[PDB]
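So the structure is just underneath, and the comments pick up after that.
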Amino acid sequence: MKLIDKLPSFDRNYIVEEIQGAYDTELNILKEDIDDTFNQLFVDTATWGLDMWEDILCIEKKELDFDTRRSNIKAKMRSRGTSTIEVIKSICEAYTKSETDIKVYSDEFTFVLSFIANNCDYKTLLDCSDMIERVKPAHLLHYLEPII
Amino acid sequence: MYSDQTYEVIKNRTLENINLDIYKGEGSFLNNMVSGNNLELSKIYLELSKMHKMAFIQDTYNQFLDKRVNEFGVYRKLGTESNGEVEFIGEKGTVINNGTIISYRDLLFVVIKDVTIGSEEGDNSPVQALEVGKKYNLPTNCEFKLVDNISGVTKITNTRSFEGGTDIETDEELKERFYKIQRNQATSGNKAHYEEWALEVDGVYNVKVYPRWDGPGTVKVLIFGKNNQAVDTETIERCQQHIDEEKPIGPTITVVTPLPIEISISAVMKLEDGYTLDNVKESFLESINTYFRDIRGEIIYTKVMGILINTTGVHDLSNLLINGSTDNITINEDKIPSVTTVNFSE
Amino acid sequence: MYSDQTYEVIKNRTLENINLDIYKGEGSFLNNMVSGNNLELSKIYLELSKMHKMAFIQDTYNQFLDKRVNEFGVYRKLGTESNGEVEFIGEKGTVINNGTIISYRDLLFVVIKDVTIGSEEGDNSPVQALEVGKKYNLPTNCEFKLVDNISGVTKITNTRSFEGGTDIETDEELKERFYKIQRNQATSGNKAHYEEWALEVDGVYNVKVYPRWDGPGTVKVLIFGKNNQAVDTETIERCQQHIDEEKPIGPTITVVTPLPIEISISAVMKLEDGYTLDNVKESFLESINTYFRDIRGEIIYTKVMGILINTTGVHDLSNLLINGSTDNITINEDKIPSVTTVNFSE
């Protein structure tokens, strides 16, 4: 439609018009391709691109829906573990399903975790302790104590 | 790059791409289709060049920056409306209801609470800016005017400068803020990181940390209110709870408030004519209060007597005694001199 | 989808979209112009695909990589220049002003301190490298040349080796840092956070962290250079003080560097014709050096003496002893083999 407008007066007949119309349809296809690619540029608008977004994040997994992909990307970046004891204590309680008190001596750097042995099993206790040591400061020394 | 790719260059390229018996000629029908496709392709090249920049973290627009910071979880600041208190002067008993708007020049301001002229509470009512901005932060003594005339109200002026009006945050400000946030992250027990959270408390201004005060891992937090004056106990408690809400794993935290040091002075001085003991007393106590507010380190007896003699109304001075001594008095940490006794005799 | 459309499919699609009684004949100038326009179309689609690639930076390092990395807070560490002190030898009384230009081989250096020959300040002046890189870390007793002709100056040499010349960052190194950080999860006061802290300083390529090595609040940090090489003590000091700046207060930081393991070689071998002892010694030295670069675990006597027999110029060998023995020796942590004595004879 644009080309025929740019076309001269003597080229106003259908014989000229068919090629221009076909090319205009092709260029409409190309411009919607540009639109799709620009959507792919932004992580929120990119649906299929979220996979190699996660690949940039160096985390790989089969995924259901793009909203969860975006949620996982947002969780992956920042989301720094707080220095607060309470957050980690809440996570430990969620794993162990039992309240845990802390008797920490800054002079001793000593951290202690007390919990009912009946509530939480051996394997999940070990996994929670490994996660804690992954998060807990290296200098600080923690100890998990099961209540008999 | 795409700047090199242009109408003429790609046009000639496409013409070369076609092996045909028709000699290339200006204005040819086939030449016409080729030229149109090349024009639109050059436009598309320009679009690609633009989306280079638009895809970058910098040089973004309002929506672009908004999306980026939402991905980062950051949110830009729209600003705050200015807040102040004005005085309504007019017929006594006139009631100005809530929601009334007062205009100073083209600026628009609204009255929060109902105010009655001549009422027991007074004729002063807080007034909030209708919109955000520095322009709404009007200074003191501005003759506000009602947009809608109210019978019994004549003059509206603010006895205090309007404050709280903040502008819309710019893109560069938020970009630099995000870059700083990424560059500097919250750490466990850094002195600056821990002190910043204490600085969030309104009452205190200066914060000091004394680690190892009771062994390893022992942190002694030192605070200072307005010009290093002791804050109230409830302020100390709220600061303690706040820093505990951000404290590292297993710290021992003690908040230390500044202490005052009482000062007793006594001297036998000669007063200038036309001056009484009370006048020289008040002038010298104000001067020495300023000195205490600016004294660094220990007390200097010679400086104290110098500020004494420099005080107006002092013909001569003698027998100057401070806290039972004439020697320089050591000031320890968290200690500020406090004027308590002034024994002046002629 | 850029990859979905290919040259011939869209060519045929464009040909089909032409609805004319004109027969679509292959080799026609019409088909040729369709081919040329489709050639430009394939170019633009491929460039769009490349744009997507450059936006994701799965390969082909780009400025986009640097900017996205800066988004995540990671920033490229340019590096530092070498530092040292040189001795000025020449006529007494000559003054070497600050900023004097001296060149040794291709590298260029600048005098840091204005030094006068024969003065009580001595003839030694500090000199800092003018560029970032390890090449400027010159050894001791190297002779330097004046770029500008100064009367009364004869010799310039350094009493000690030059250090501080950290190498310039490489894009691959930054990419590896970003990727390992992606697997890492830094937390305020975390072992991975400490590892990142160590990685921040230039010259640190491999980081080892040992929690509770001595127990309560005890930090053991082991660092490595390129190819698990030892680092200068200045770099160690900079890294540890930086960590202390960022570390929580209270833990005891301990930073160490790998140390070499000396080895002595004693053997009797039959020299080949046209080969001398020095040539085969140097060739085996290169072989053992690259093997030690590739070694891990323990030194294997059989492997070393077999790479010796495989060396050019080696016909037959006998009574080969490493440190006087033929037994494999464990290469412990923070320890690397070091060639000390080579004893080859016929």
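So you can find residues: chains in the structure tokens are A, B, ... in the order shown, residues in each start at 1, and ligands are numbered from 1 in order.
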
Under the rule of at most 10 Å, produce a per-residue listing of chain B near chain A: chain, number, name, the closest pair of atoms, and the distance in Å, as JSON lines, using only C-alpha atoms.
{"residue": "B:27", "atom": "CA", "partner": "A:8", "partner_atom": "CA", "distance": 9.1}
{"residue": "B:29", "atom": "CA", "partner": "A:16", "partner_atom": "CA", "distance": 7.6}
{"residue": "B:30", "atom": "CA", "partner": "A:16", "partner_atom": "CA", "distance": 9.2}
{"residue": "B:32", "atom": "CA", "partner": "A:7", "partner_atom": "CA", "distance": 7.4}
{"residue": "B:33", "atom": "CA", "partner": "A:20", "partner_atom": "CA", "distance": 6.5}
{"residue": "B:34", "atom": "CA", "partner": "A:20", "partner_atom": "CA", "distance": 9.8}
{"residue": "B:35", "atom": "CA", "partner": "A:3", "partner_atom": "CA", "distance": 9.3}
{"residue": "B:36", "atom": "CA", "partner": "A:3", "partner_atom": "CA", "distance": 6.0}
{"residue": "B:37", "atom": "CA", "partner": "A:23", "partner_atom": "CA", "distance": 7.4}
{"residue": "B:39", "atom": "CA", "partner": "A:3", "partner_atom": "CA", "distance": 9.7}
{"residue": "B:40", "atom": "CA", "partner": "A:27", "partner_atom": "CA", "distance": 8.0}
{"residue": "B:41", "atom": "CA", "partner": "A:27", "partner_atom": "CA", "distance": 8.7}
{"residue": "B:44", "atom": "CA", "partner": "A:31", "partner_atom": "CA", "distance": 8.0}
{"residue": "B:47", "atom": "CA", "partner": "A:34", "partner_atom": "CA", "distance": 8.9}
{"residue": "B:48", "atom": "CA", "partner": "A:34", "partner_atom": "CA", "distance": 8.5}
{"residue": "B:51", "atom": "CA", "partner": "A:38", "partner_atom": "CA", "distance": 7.6}
{"residue": "B:52", "atom": "CA", "partner": "A:41", "partner_atom": "CA", "distance": 9.9}
{"residue": "B:54", "atom": "CA", "partner": "A:38", "partner_atom": "CA", "distance": 9.7}
{"residue": "B:55", "atom": "CA", "partner": "A:41", "partner_atom": "CA", "distance": 6.8}
{"residue": "B:56", "atom": "CA", "partner": "A:41", "partner_atom": "CA", "distance": 9.9}
{"residue": "B:64", "atom": "CA", "partner": "A:42", "partner_atom": "CA", "distance": 9.4}
{"residue": "B:67", "atom": "CA", "partner": "A:44", "partner_atom": "CA", "distance": 8.3}
{"residue": "B:68", "atom": "CA", "partner": "A:42", "partner_atom": "CA", "distance": 8.9}
{"residue": "B:70", "atom": "CA", "partner": "A:74", "partner_atom": "CA", "distance": 9.2}
{"residue": "B:71", "atom": "CA", "partner": "A:74", "partner_atom": "CA", "distance": 6.3}
{"residue": "B:72", "atom": "CA", "partner": "A:74", "partner_atom": "CA", "distance": 7.3}
{"residue": "B:73", "atom": "CA", "partner": "A:74", "partner_atom": "CA", "distance": 8.1}
{"residue": "B:182", "atom": "CA", "partner": "A:78", "partner_atom": "CA", "distance": 8.5}
{"residue": "B:185", "atom": "CA", "partner": "A:80", "partner_atom": "CA", "distance": 8.5}
{"residue": "B:186", "atom": "CA", "partner": "A:82", "partner_atom": "CA", "distance": 8.2}
{"residue": "B:187", "atom": "CA", "partner": "A:83", "partner_atom": "CA", "distance": 7.3}
{"residue": "B:188", "atom": "CA", "partner": "A:83", "partner_atom": "CA", "distance": 5.4}
{"residue": "B:189", "atom": "CA", "partner": "A:83", "partner_atom": "CA", "distance": 8.5}
{"residue": "B:212", "atom": "CA", "partner": "A:107", "partner_atom": "CA", "distance": 9.0}
{"residue": "B:214", "atom": "CA", "partner": "A:107", "partner_atom": "CA", "distance": 8.1}
{"residue": "B:215", "atom": "CA", "partner": "A:107", "partner_atom": "CA", "distance": 5.6}
{"residue": "B:216", "atom": "CA", "partner": "A:107", "partner_atom": "CA", "distance": 4.8}
{"residue": "B:217", "atom": "CA", "partner": "A:106", "partner_atom": "CA", "distance": 4.4}
{"residue": "B:218", "atom": "CA", "partner": "A:106", "partner_atom": "CA", "distance": 6.2}
{"residue": "B:219", "atom": "CA", "partner": "A:106", "partner_atom": "CA", "distance": 9.3}
{"residue": "B:243", "atom": "CA", "partner": "A:84", "partner_atom": "CA", "distance": 9.9}
{"residue": "B:244", "atom": "CA", "partner": "A:84", "partner_atom": "CA", "distance": 7.9}
{"residue": "B:245", "atom": "CA", "partner": "A:84", "partner_atom": "CA", "distance": 6.7}
{"residue": "B:246", "atom": "CA", "partner": "A:84", "partner_atom": "CA", "distance": 5.7}
{"residue": "B:247", "atom": "CA", "partner": "A:84", "partner_atom": "CA", "distance": 5.6}
{"residue": "B:248", "atom": "CA", "partner": "A:83", "partner_atom": "CA", "distance": 4.4}
{"residue": "B:249", "atom": "CA", "partner": "A:85", "partner_atom": "CA", "distance": 5.2}
{"residue": "B:250", "atom": "CA", "partner": "A:104", "partner_atom": "CA", "distance": 5.7}
{"residue": "B:251", "atom": "CA", "partner": "A:106", "partner_atom": "CA", "distance": 5.8}
{"residue": "B:252", "atom": "CA", "partner": "A:106", "partner_atom": "CA", "distance": 6.5}

* Find the residues around residue 99 of chain C up to 10 Å (only C-alpha atoms counted), leave out those fewer than 5 positions away in its own chain, and share them as an MDAnalysis selection string. => chainID C and resid 109:114 127

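Of note, atom CA of residue 51 of chain A and atom CA of residue 61 of chain C are spaced 19.6 Å apart.
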
* To do: Working over all C-alpha atoms in order, superimpose chain B onto chain C by least squares and state the RMSD in Å.
  =>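 Here the C-alpha RMSD works out to 12.5 Å.
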
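Among the residues of chain A, backbone DSSP assigns strand (DSSP E or B) to residues 81, 105, 110, 111, 112, 113, 114, 115, 116, 141, 142, 143, 144, 145, 146 and 147 of chain A.
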
* Could you pull out the residues in segment 7-139 of chain A that DSSP calls alpha helix (DSSP H) from the backbone, as a PyMOL selection string? => chain A and resi 14-41+50-56+66-76+85-96+122-135

* With a distance cut-off of 9 Å and only C-alpha atoms, select the neighbouring residues of segment 75-84 of chain B, excluding the residue or stretch itself and same-chain residues fewer than 5 positions from it, and output the selection as a PyMOL selection string. => chain B and resi 65-66+69-70+109+125-138+158-171+174

Mind dumping the selected residues with N, CA and C atoms as a short mmCIF file (atom, residue, chain, number, x, y, z; two decimals), in the first residue's frame?
data_model
loop_
_atom_site.label_atom_id
_atom_site.label_comp_id
_atom_site.auth_asym_id
_atom_site.auth_seq_id
_atom_site.Cartn_x
_atom_site.Cartn_y
_atom_site.Cartn_z
N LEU B 65 12.95 1.91 32.06
CA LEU B 65 13.57 1.90 33.38
C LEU B 65 12.65 1.25 34.41
N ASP B 66 11.34 1.50 34.30
CA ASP B 66 10.40 0.88 35.22
C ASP B 66 10.45 -0.64 35.13
N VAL B 69 13.85 -1.95 36.64
CA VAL B 69 13.93 -1.91 38.09
C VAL B 69 12.92 -2.86 38.73
N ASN B 70 11.77 -3.08 38.08
CA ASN B 70 10.85 -4.09 38.57
C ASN B 70 11.47 -5.48 38.49
N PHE B 109 -2.73 24.55 47.53
CA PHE B 109 -2.52 23.87 48.80
C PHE B 109 -3.87 23.62 49.45
N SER B 125 -3.63 25.89 61.20
CA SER B 125 -4.03 24.58 60.70
C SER B 125 -2.96 24.04 59.76
N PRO B 126 -2.60 22.77 59.90
CA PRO B 126 -1.67 22.17 58.94
C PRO B 126 -2.25 22.18 57.53
N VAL B 127 -1.38 22.42 56.55
CA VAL B 127 -1.77 22.51 55.15
C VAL B 127 -0.80 21.67 54.33
N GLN B 128 -1.35 20.82 53.47
CA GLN B 128 -0.56 19.91 52.65
C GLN B 128 -0.68 20.31 51.18
N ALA B 129 0.44 20.22 50.46
CA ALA B 129 0.43 20.51 49.04
C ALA B 129 -0.45 19.52 48.29
N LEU B 130 -1.18 20.03 47.30
CA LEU B 130 -2.02 19.16 46.49
C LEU B 130 -1.20 18.20 45.64
N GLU B 131 0.00 18.62 45.23
CA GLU B 131 0.87 17.80 44.40
C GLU B 131 2.29 17.83 44.96
N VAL B 132 3.11 16.90 44.48
CA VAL B 132 4.49 16.78 44.92
C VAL B 132 5.31 17.89 44.28
N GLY B 133 6.51 18.14 44.80
CA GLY B 133 7.42 19.08 44.17
C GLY B 133 8.14 20.03 45.10
N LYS B 134 9.33 20.47 44.67
CA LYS B 134 10.05 21.51 45.40
C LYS B 134 9.31 22.84 45.37
N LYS B 135 8.61 23.12 44.27
CA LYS B 135 7.87 24.37 44.15
C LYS B 135 6.80 24.51 45.23
N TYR B 136 6.29 23.39 45.75
CA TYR B 136 5.32 23.43 46.83
C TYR B 136 5.95 23.68 48.19
N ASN B 137 7.27 23.53 48.31
CA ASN B 137 7.98 23.80 49.56
C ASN B 137 8.10 25.31 49.74
N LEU B 138 6.96 25.94 50.01
CA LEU B 138 6.91 27.38 50.15
C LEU B 138 7.64 27.83 51.41
N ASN B 158 1.44 31.49 56.37
CA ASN B 158 2.11 30.40 57.07
C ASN B 158 3.18 30.97 57.99
N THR B 159 3.12 30.58 59.26
CA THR B 159 4.14 30.98 60.22
C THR B 159 5.40 30.13 60.13
N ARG B 160 5.38 29.08 59.31
CA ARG B 160 6.54 28.22 59.11
C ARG B 160 6.66 27.88 57.63
N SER B 161 7.89 27.61 57.20
CA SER B 161 8.13 27.27 55.81
C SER B 161 7.57 25.89 55.49
N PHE B 162 6.93 25.78 54.33
CA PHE B 162 6.38 24.50 53.90
C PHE B 162 7.52 23.55 53.54
N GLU B 163 7.43 22.32 54.05
CA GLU B 163 8.47 21.32 53.83
C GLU B 163 7.80 19.99 53.52
N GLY B 164 8.63 19.02 53.13
CA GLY B 164 8.15 17.71 52.74
C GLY B 164 7.83 17.55 51.27
N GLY B 165 7.89 18.63 50.49
CA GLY B 165 7.65 18.53 49.07
C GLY B 165 8.90 18.04 48.36
N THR B 166 8.84 16.84 47.79
CA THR B 166 9.97 16.25 47.08
C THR B 166 9.59 16.00 45.63
N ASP B 167 10.56 16.16 44.74
CA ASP B 167 10.31 16.07 43.31
C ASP B 167 10.27 14.61 42.86
N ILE B 168 9.91 14.43 41.59
CA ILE B 168 9.92 13.10 40.98
C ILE B 168 11.36 12.68 40.73
N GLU B 169 11.72 11.48 41.19
CA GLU B 169 13.07 10.98 41.00
C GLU B 169 13.39 10.85 39.51
N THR B 170 14.58 11.28 39.13
CA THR B 170 15.00 11.20 37.74
C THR B 170 15.54 9.81 37.43
N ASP B 171 15.65 9.53 36.13
CA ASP B 171 16.15 8.23 35.70
C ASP B 171 17.60 8.02 36.12
N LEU B 174 17.96 7.06 39.85
CA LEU B 174 17.62 5.67 40.13
C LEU B 174 18.66 4.72 39.56
#

* To do: Provide the atom CA of residue 4 of chain C to atom CA of residue 38 of chain C distance in Å, to one decimal place.
  => 14.7 Å

* Name all residues at most 9 Å from segment 324-332 of chain C (count only C-alpha atoms; drop same-chain ones fewer than 4 positions away) and give them as a VMD selection string. => chain C and resid 261 264 to 266 296 to 302 320 336 to 337

Dump as a tab-separated table (two decimals), in the first residue's frame, selection limited to C-alpha atoms:
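Writing done, so here's out.tsv:
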chain	number	residue	atom	x	y	z
C	261	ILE	CA	58.31	-28.43	46.66
C	264	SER	CA	66.63	-32.78	42.65
C	265	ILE	CA	67.34	-34.99	39.63
C	266	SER	CA	70.31	-37.37	39.40
C	296	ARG	CA	48.05	-33.36	40.00
C	297	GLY	CA	48.26	-35.56	43.07
C	298	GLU	CA	51.78	-36.96	43.31
C	299	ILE	CA	54.91	-36.90	41.18
C	300	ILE	CA	55.30	-40.28	39.47
C	301	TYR	CA	58.90	-41.39	39.10
C	302	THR	CA	58.14	-43.61	36.11
C	320	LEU	CA	67.79	-42.13	37.51
C	336	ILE	CA	53.74	-27.44	43.84
C	337	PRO	CA	56.80	-29.36	42.59

* Asked: Interatomic distance between atom CA of residue 314 of chain B and atom CA of residue 272 of chain B?
  ->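 Calculated distance between atom CA of residue 314 of chain B and atom CA of residue 272 of chain B is 5.3 Å.
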
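The nearest approach to residue 133 of chain A among the residues C:204, C:192, C:236, C:221, with only C-alpha atoms taken into account, belongs to C:192.
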
* To do: Find, counting only C-alpha atoms, the residue in B:202, B:176, B:346, B:26 that gets nearest to chain C.
  =>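 Closest to chain C, using only C-alpha atoms: B:176.
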
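With only C-alpha atoms as the atoms that count, the minimum distance from chain C to the choices B:57, B:107, B:147, B:209 is reached by B:57.
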
* **Shortest interatomic distance to chain C - which of B:259, B:253, B:10, B:231, counting only C-alpha atoms** =>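 Checking each of B:259, B:253, B:10, B:231 against chain C, counting only C-alpha atoms, the winner is B:10.
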
* Asked: Which residue gives the smallest distance to chain B among C:213, C:284, C:179, C:194, with only C-alpha atoms counted?
  ->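 Ranking C:213, C:284, C:179, C:194 by distance to chain B, first place goes to C:194.
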